[PDB]
$ cat final09.tsv   # TSV, N, CA and C atoms
chain	number	residue	atom	x	y	z
A	1	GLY	N	49.07	-3.16	15.42
A	1	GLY	CA	50.07	-2.18	15.81
A	1	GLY	C	49.99	-0.91	14.98
A	2	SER	N	49.00	-0.07	15.28
A	2	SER	CA	48.81	1.17	14.55
A	2	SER	C	49.56	2.32	15.23
A	3	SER	N	50.49	2.93	14.49
A	3	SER	CA	51.28	4.03	15.02
A	3	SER	C	51.09	5.29	14.18
A	4	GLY	N	50.71	6.38	14.83
A	4	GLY	CA	50.50	7.63	14.12
A	4	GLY	C	51.34	8.76	14.68
A	5	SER	N	51.31	9.91	14.01
A	5	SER	CA	52.08	11.07	14.45
A	5	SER	C	51.30	11.87	15.49
A	6	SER	N	51.59	11.62	16.76
A	6	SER	CA	50.92	12.32	17.85
A	6	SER	C	51.93	13.06	18.72
A	7	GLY	N	51.63	14.32	19.02
A	7	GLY	CA	52.52	15.12	19.84
A	7	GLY	C	52.69	16.53	19.32
A	8	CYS	N	51.90	17.45	19.86
A	8	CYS	CA	51.96	18.85	19.44
A	8	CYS	C	52.98	19.63	20.28
A	9	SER	N	53.35	20.81	19.80
A	9	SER	CA	54.32	21.65	20.50
A	9	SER	C	53.70	22.99	20.87
A	10	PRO	N	53.08	23.05	22.06
A	10	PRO	CA	52.44	24.27	22.56
A	10	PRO	C	53.46	25.35	22.92
A	11	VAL	N	53.05	26.61	22.76
A	11	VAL	CA	53.93	27.74	23.06
A	11	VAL	C	54.00	27.99	24.56
A	12	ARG	N	55.07	28.63	25.00
A	12	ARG	CA	55.26	28.93	26.42
A	12	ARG	C	55.22	30.43	26.66
A	13	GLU	N	56.01	31.18	25.90
A	13	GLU	CA	56.07	32.63	26.04
A	13	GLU	C	55.42	33.31	24.84
A	14	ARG	N	54.55	34.27	25.11
A	14	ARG	CA	53.86	35.01	24.05
A	14	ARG	C	53.95	36.51	24.29
A	15	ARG	N	53.50	37.29	23.30
A	15	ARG	CA	53.53	38.74	23.40
A	15	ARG	C	52.13	39.33	23.22
A	16	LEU	N	51.78	40.30	24.05
A	16	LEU	CA	50.48	40.94	23.98
A	16	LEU	C	50.61	42.38	23.51
A	17	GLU	N	49.84	42.74	22.49
A	17	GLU	CA	49.87	44.09	21.94
A	17	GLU	C	49.16	45.07	22.88
A	18	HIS	N	49.94	45.96	23.49
A	18	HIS	CA	49.39	46.95	24.41
A	18	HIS	C	49.44	48.35	23.80
A	19	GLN	N	48.28	48.99	23.71
A	19	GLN	CA	48.19	50.33	23.15
A	19	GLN	C	48.89	51.35	24.04
A	20	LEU	N	50.22	51.34	24.01
A	20	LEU	CA	51.01	52.27	24.82
A	20	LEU	C	50.36	53.65	24.85
A	21	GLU	N	50.21	54.19	26.06
A	21	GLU	CA	49.61	55.51	26.23
A	21	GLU	C	50.65	56.53	26.67
A	22	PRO	N	50.33	57.82	26.47
A	22	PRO	CA	51.23	58.92	26.84
A	22	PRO	C	51.36	59.08	28.35
A	23	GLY	N	50.47	58.43	29.09
A	23	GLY	CA	50.50	58.51	30.53
A	23	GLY	C	50.90	57.20	31.18
A	24	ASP	N	51.65	56.39	30.46
A	24	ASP	CA	52.10	55.10	30.97
A	24	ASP	C	53.59	55.12	31.27
A	25	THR	N	54.00	54.34	32.27
A	25	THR	CA	55.40	54.27	32.66
A	25	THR	C	55.92	52.84	32.60
A	26	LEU	N	57.17	52.69	32.16
A	26	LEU	CA	57.79	51.37	32.06
A	26	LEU	C	57.58	50.56	33.33
A	27	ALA	N	57.94	51.14	34.46
A	27	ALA	CA	57.79	50.48	35.75
A	27	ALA	C	56.34	50.04	35.97
A	28	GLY	N	55.41	50.82	35.44
A	28	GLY	CA	54.00	50.49	35.58
A	28	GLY	C	53.62	49.21	34.86
A	29	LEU	N	53.90	49.16	33.56
A	29	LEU	CA	53.59	47.99	32.75
A	29	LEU	C	54.22	46.74	33.34
A	30	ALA	N	55.51	46.83	33.67
A	30	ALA	CA	56.23	45.70	34.25
A	30	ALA	C	55.38	44.97	35.28
A	31	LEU	N	55.00	45.68	36.34
A	31	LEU	CA	54.18	45.10	37.40
A	31	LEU	C	52.77	44.82	36.90
A	32	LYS	N	52.18	45.79	36.21
A	32	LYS	CA	50.83	45.64	35.68
A	32	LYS	C	50.57	44.21	35.23
A	33	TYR	N	51.61	43.56	34.71
A	33	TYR	CA	51.49	42.18	34.25
A	33	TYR	C	52.16	41.22	35.23
A	34	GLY	N	53.48	41.33	35.36
A	34	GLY	CA	54.21	40.46	36.26
A	34	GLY	C	55.64	40.24	35.82
A	35	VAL	N	56.24	41.26	35.21
A	35	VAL	CA	57.61	41.16	34.74
A	35	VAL	C	58.43	42.37	35.19
A	36	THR	N	59.68	42.43	34.73
A	36	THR	CA	60.57	43.53	35.08
A	36	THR	C	60.84	44.43	33.88
A	37	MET	N	60.84	45.74	34.11
A	37	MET	CA	61.09	46.70	33.04
A	37	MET	C	62.16	46.18	32.08
A	38	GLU	N	63.33	45.86	32.63
A	38	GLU	CA	64.43	45.36	31.82
A	38	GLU	C	63.95	44.32	30.81
A	39	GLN	N	63.34	43.25	31.32
A	39	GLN	CA	62.83	42.19	30.46
A	39	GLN	C	62.12	42.77	29.24
A	40	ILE	N	61.04	43.51	29.48
A	40	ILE	CA	60.28	44.12	28.40
A	40	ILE	C	61.20	44.80	27.39
A	41	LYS	N	62.07	45.68	27.89
A	41	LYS	CA	63.00	46.40	27.04
A	41	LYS	C	63.89	45.43	26.26
A	42	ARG	N	64.76	44.72	26.97
A	42	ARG	CA	65.66	43.76	26.35
A	42	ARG	C	64.89	42.83	25.41
A	43	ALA	N	63.62	42.61	25.72
A	43	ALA	CA	62.78	41.74	24.90
A	43	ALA	C	62.46	42.39	23.56
A	44	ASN	N	62.37	43.71	23.55
A	44	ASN	CA	62.07	44.45	22.33
A	44	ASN	C	63.13	45.51	22.06
A	45	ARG	N	64.31	45.32	22.64
A	45	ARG	CA	65.41	46.26	22.47
A	45	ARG	C	64.89	47.69	22.33
A	46	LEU	N	63.97	48.06	23.21
A	46	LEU	CA	63.38	49.40	23.19
A	46	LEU	C	64.41	50.45	23.62
A	47	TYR	N	65.50	49.99	24.22
A	47	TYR	CA	66.56	50.89	24.67
A	47	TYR	C	67.02	51.80	23.54
A	48	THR	N	66.62	53.07	23.62
A	48	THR	CA	67.00	54.04	22.60
A	48	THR	C	67.46	55.35	23.24
A	49	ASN	N	68.20	56.15	22.47
A	49	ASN	CA	68.70	57.42	22.95
A	49	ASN	C	67.58	58.26	23.55
A	50	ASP	N	66.41	58.22	22.92
A	50	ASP	CA	65.26	58.97	23.39
A	50	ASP	C	64.25	58.06	24.08
A	51	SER	N	63.44	58.64	24.95
A	51	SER	CA	62.44	57.87	25.69
A	51	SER	C	61.79	56.82	24.79
A	52	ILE	N	61.17	55.82	25.41
A	52	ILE	CA	60.52	54.75	24.67
A	52	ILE	C	59.23	55.25	24.02
A	53	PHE	N	58.64	56.28	24.60
A	53	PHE	CA	57.40	56.85	24.08
A	53	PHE	C	57.49	57.05	22.57
A	54	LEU	N	58.72	57.10	22.06
A	54	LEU	CA	58.94	57.28	20.63
A	54	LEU	C	58.08	56.33	19.81
A	55	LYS	N	57.87	55.13	20.35
A	55	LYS	CA	57.06	54.12	19.67
A	55	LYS	C	55.57	54.40	19.86
A	56	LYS	N	54.74	53.49	19.37
A	56	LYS	CA	53.29	53.64	19.49
A	56	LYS	C	52.69	52.51	20.33
A	57	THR	N	53.08	51.28	20.01
A	57	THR	CA	52.58	50.11	20.73
A	57	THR	C	53.73	49.24	21.21
A	58	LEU	N	53.61	48.72	22.43
A	58	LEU	CA	54.63	47.87	23.01
A	58	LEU	C	54.06	46.51	23.41
A	59	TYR	N	54.76	45.45	23.05
A	59	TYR	CA	54.32	44.09	23.36
A	59	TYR	C	54.78	43.68	24.76
A	60	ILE	N	53.98	42.86	25.42
A	60	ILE	CA	54.30	42.39	26.76
A	60	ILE	C	54.41	40.87	26.80
A	61	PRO	N	55.57	40.37	27.24
A	61	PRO	CA	55.83	38.93	27.34
A	61	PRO	C	55.01	38.27	28.44
A	62	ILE	N	54.14	37.34	28.05
A	62	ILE	CA	53.30	36.63	29.00
A	62	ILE	C	53.98	35.35	29.49
A	63	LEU	N	54.31	35.32	30.77
A	63	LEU	CA	54.97	34.16	31.37
A	63	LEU	C	53.98	33.36	32.22
A	64	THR	N	53.55	32.22	31.69
A	64	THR	CA	52.61	31.36	32.40
A	64	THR	C	53.15	29.94	32.53
A	65	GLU	N	52.78	29.27	33.61
A	65	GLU	CA	53.23	27.91	33.86
A	65	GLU	C	52.12	26.90	33.56
A	66	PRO	N	52.51	25.65	33.28
A	66	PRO	CA	51.56	24.58	32.97
A	66	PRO	C	50.75	24.15	34.19
A	67	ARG	N	50.99	24.82	35.31
A	67	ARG	CA	50.28	24.51	36.54
A	67	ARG	C	49.03	25.38	36.69
A	68	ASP	N	47.86	24.77	36.55
A	68	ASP	CA	46.60	25.49	36.66
A	68	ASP	C	45.57	24.66	37.42
A	69	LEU	N	44.87	25.30	38.35
A	69	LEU	CA	43.85	24.62	39.14
A	69	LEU	C	42.96	23.75	38.26
A	70	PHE	N	42.69	24.23	37.05
A	70	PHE	CA	41.85	23.49	36.11
A	70	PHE	C	42.14	23.92	34.67
A	71	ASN	N	42.47	22.95	33.83
A	71	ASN	CA	42.78	23.22	32.43
A	71	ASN	C	41.57	22.94	31.55
A	72	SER	N	41.21	23.91	30.71
A	72	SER	CA	40.07	23.77	29.81
A	72	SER	C	40.35	22.72	28.74
A	73	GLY	N	41.53	22.81	28.13
A	73	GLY	CA	41.90	21.87	27.09
A	73	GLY	C	42.06	22.53	25.73
A	74	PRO	N	41.97	21.73	24.66
A	74	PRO	CA	42.10	22.23	23.29
A	74	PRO	C	40.92	23.09	22.87
A	75	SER	N	39.87	23.09	23.68
A	75	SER	CA	38.67	23.87	23.39
A	75	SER	C	39.01	25.35	23.26
A	76	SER	N	38.58	25.96	22.16
A	76	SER	CA	38.84	27.37	21.92
A	76	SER	C	37.54	28.14	21.76
A	77	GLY	N	37.58	29.44	22.07
A	77	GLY	CA	36.39	30.26	21.96
A	77	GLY	C	36.19	30.80	20.56

$ encode --input "final09.tsv" --output "structure tokens"
Amino acid sequence: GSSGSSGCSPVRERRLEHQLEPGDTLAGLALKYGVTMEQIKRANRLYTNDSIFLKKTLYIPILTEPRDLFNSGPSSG
């Protein structure tokens, strides 16, 4: 009766560093990935008196499901 500690906790939601450009629009990024402007903002409380451009880089919340035609596994590049 050998019992060990098995069971990892994989992440669900992550953030991607996007080199915000001077010619980018909130509505653009939202769709560009698959989210809603609000989400992104509320996610990084970007809501400020002045345009968001004030910043330099904005992170994007990646929403993916455990449902995939084929899963590679723990294998990493």

$ atom_distance --input "final09.tsv" --atom1 "atom C of residue 12 in chain A" --atom2 "atom N of residue 63 in chain A"
6.5 Å

$ select_by_dssp --input "final09.tsv" --residues "chain A" --states "strand (DSSP E)" --output "PyMOL selection string"
chain A and resi 13-18+58-63

$ residues_near_point --input "final09.tsv" --point "(64.3, 43.8, 26.6)" --cutoff "12 Å" --atoms "only C-alpha atoms" --output "MDAnalysis selection string"
chainID A and resid 26 30 35:48 52 58:61

$ atom_distance --input "final09.tsv" --atom1 "CA of residue 34 in chain A" --atom2 "atom C of residue 14 in chain A"
12.6 Å

$ closest_residue --input "final09.tsv" --among "A:20, A:33, A:3, A:8" --to "residue 55 in chain A" --atoms "all atoms listed in the file"
A:20

$ residues_around --input "final09.tsv" --residues "residue 64 in chain A" --least-positions-apart "2" --cutoff "6.5 Å" --atoms "all atoms listed in the file" --output "number ranges by chain"
A: 12-13, 62, 66-67

$ write_last_selection --input "final09.tsv" --atoms "N, CA and C atoms" --output "short mmCIF file (atom, residue, chain, number, x, y, z; two decimals), in the coordinates of the input"
data_model
loop_
_atom_site.label_atom_id
_atom_site.label_comp_id
_atom_site.auth_asym_id
_atom_site.auth_seq_id
_atom_site.Cartn_x
_atom_site.Cartn_y
_atom_site.Cartn_z
N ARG A 12 55.07 28.63 25.00
CA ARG A 12 55.26 28.93 26.42
C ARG A 12 55.22 30.43 26.66
N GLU A 13 56.01 31.18 25.90
CA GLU A 13 56.07 32.63 26.04
C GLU A 13 55.42 33.31 24.84
N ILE A 62 54.14 37.34 28.05
CA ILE A 62 53.30 36.63 29.00
C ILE A 62 53.98 35.35 29.49
N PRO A 66 52.51 25.65 33.28
CA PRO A 66 51.56 24.58 32.97
C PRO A 66 50.75 24.15 34.19
N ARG A 67 50.99 24.82 35.31
CA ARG A 67 50.28 24.51 36.54
C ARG A 67 49.03 25.38 36.69
#

$ select_by_dssp --input "final09.tsv" --residues "chain A" --states "helix (DSSP H, G or I)" --output "count of residues only"
19
